[PDB]
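First, one chain by itself in structure tokens, the form deposited in one PDB entry.
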């Protein structure tokens, strides 16, 4: 079966613009990122401050911002959790959903910043919203039934040993709630013709989940045959940015190959799982192998690789622009 939305390839002009990264772009991304480079364990004041920063940043861009807040039992007792859901045009039937988690692991050995996991993805989602604001507010007025939605899940990390019951608190809770929230085509703006919408989960056209990003030379693969058409757009975008000489490399005449033109047989538990079980198509942007720094106290600011982060920003900006035809 083909992808339900015809994926029009990005004009060269637009590929070039989305692939430019000014010095002001860098500075703005880095300033955003600084806000996330703090321990933000569930229940903590800093966690509250990060949640508030996300909320304010996006209300400032005129997005609709809601919070799914609840208390859940954990191996450490009751804990408050709040998912943050920002939607550019609430009434648009279909959402391109970009996501990541904003809580950081409670590490037994000491203070854990979780720079790749996932302070970087958090900043990249806000950066996308801000760098593309003009283009996005224009897309919003088209009435074409498609919009952008940003989900920052809470409580992705286990408190103790990873289990089905100790992990994904926020995503399990939000998938469930959206599944039970019934709606229909007639209630929504411009659903595609062959649509089946019974609940809010059906409006998630594809969920692109960013995780563990920011270390040098990540390797991605297609994890889901269902989203191979979308994943291939990432492969192609990166390839065009390389052709254009828009990627920051150590030496002349290298190319990035982040997005492998293959699929791998790998099972990664992450915030996608509760949506995957409800038939949401998933593109899982997570490196394999994981960064060397994963769940160590070295997952910190100085171990981020800035040229890679800028290269990923180019890819993601050109991808959002291509998907939404910005």
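Shifts are known only where both forms have a C-alpha. Positions refer to the first chain, counted from 1. Under this definition, the rigid core comprises the largest set of C-alpha atoms superposing within 1.5 Å between the forms.
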query	finding
Mean C-alpha temperature factor, higher of 249-257 and 166-174	249-257
Higher-B stretch (mean Cα B-factor, as the entry records it), 236-244 or 178-186	178-186
From 112, 220, 224, 152, residue of greatest CA B-factor	224
Out of 211, 216, 160, 205, highest CA B-factor residue	160
Residue 42 - Cα temperature factor, lowest/middle/highest third of chain	middle
Relative C-alpha B-factor of residue 77, binned into the chain's lowest, middle or highest third	highest
Chain-relative CA temperature factor third for residue 26	highest
Residue 197 - which third its CA temperature factor falls in, relative to the rest of the chain	highest
B-factor third for the C-alpha atom of residue 7 within its chain	highest
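The next section is about a form of this same protein that is not shown, the form deposited in another entry.
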| query | finding |
| --- | --- |
| Which one of 57, 35, 263, 257, by Cα shift of 2 Å or more between this form and the one not shown, core superposed | 263 |
| Residue 273: Cα shift of 2 Å or greater between this form and the one not shown (core-aligned) | yes |
| Cα-Cα shift for residue 229 and residue 265, closer or farther in the other entry, minimum 3 Å | closer |
| Comparison of CA distance in the other entry with shown form for residue 216, residue 270, at least 3 Å | farther |
| Shared-residue segments moving between this form and the one not shown, Cα shift 2 Å or more over 3+ consecutive positions, core-fitted | 263-273 |
